[PDB]
Amino acid sequence: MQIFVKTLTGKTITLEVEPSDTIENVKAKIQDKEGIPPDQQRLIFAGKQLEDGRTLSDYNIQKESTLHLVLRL
Amino acid sequence: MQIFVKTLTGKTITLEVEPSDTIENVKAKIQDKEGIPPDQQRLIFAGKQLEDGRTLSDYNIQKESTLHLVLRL
Amino acid sequence: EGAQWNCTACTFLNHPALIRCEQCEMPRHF
Ligand SMILES: [Zn+2]
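Residues numbered from 1 in each chain as written, not as in the entry; some residues may be left out. Chains lettered and ligands numbered in written order. Heavy atoms only, no water. Residues with missing side-chain atoms left out of burial classes, pairs and counts.

As documented in the archive entry, the model was determined using X-ray crystallography at 1.50 Å resolution.

Below is the structure:
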């Protein structure tokens, strides 16, 4: 399935994921598209920060959902 | 029962609904009045993103409450 | 500083790590 990732600048990233994928898998897919190291990524959905070891299904993230990507420093 | 639906331009639409209507029913009524497809509508009330299968009463939405309509697309 | 914040445009209750609303992209610090 496709999900979307939006950044503060308005960039949109499309990823191919399965609902069983972990958040750490999603961060590595973002690195492949954008070059941002996973340890500098923070992902937000539905007002909540997503944890690396949980899965997309844990957060009820479905086909065509949009995640928000923030950066650390 | 009348509720108000406020867009991001400040335009307030008056909508006739029943107090037991589901959110999906409300999105259908916005489609009928404004011409916006339900899949492009996101409704927010007092902090919460409204889910399609629940009723207005289940969110404590009542006469002359305001819902905020965000277009998502 | 760690609290959630409501968007002044659509009311959505946002995570503190966002400085624009997750629903409507309205900036927090207008
Ligand atoms: Zn908002």
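Visitor: Provide a residue-level description of the sheet that holds strand β3 (residues 41–45) of chain A, including the pertinent values.
Guide: An order of β2-β1-β5-β3-β4 (chain A) is seen for the five strands of this open sheet, with the pairing classed as mixed. The open sheet is flanked by β2 (12–16) and β4 (48–49) of chain A, the only strands paired with a single partner. (Pairing = 2+ DSSP bridges. Helix = DSSP H or I, 4+ residues; strand = E, 2+ residues; numbered from the N terminus.)

Visitor: Explain the sheet that holds strand β3 (residues 41–45) of chain B residue by residue, including any values.
Guide: All names here are of chain B. Pairing within the open sheet is mixed, and its five strands lie in the order β2-β1-β5-β3-β4. Here the strands that pair on one side only, and so sit at the sheet edges, are β2 (12–16) and β4 (48–49). With five bridges connecting them, strand β1 (residues 2–6) and β2 associate as antiparallel partners. Each bridged residue has a counterpart across the sheet, and for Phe4 the counterpart in β2 is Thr14. In this fold helix α1 (residues 23–34) packs onto β1, β2, β3 and β5 (66–71), with an angle of close to 115 degrees to the strand it touches most, β2. (Contact = heavy atoms within 4.5 Å. Axes fitted to C-alpha atoms, helices over the stretch in contact; angles between N-to-C directions.)

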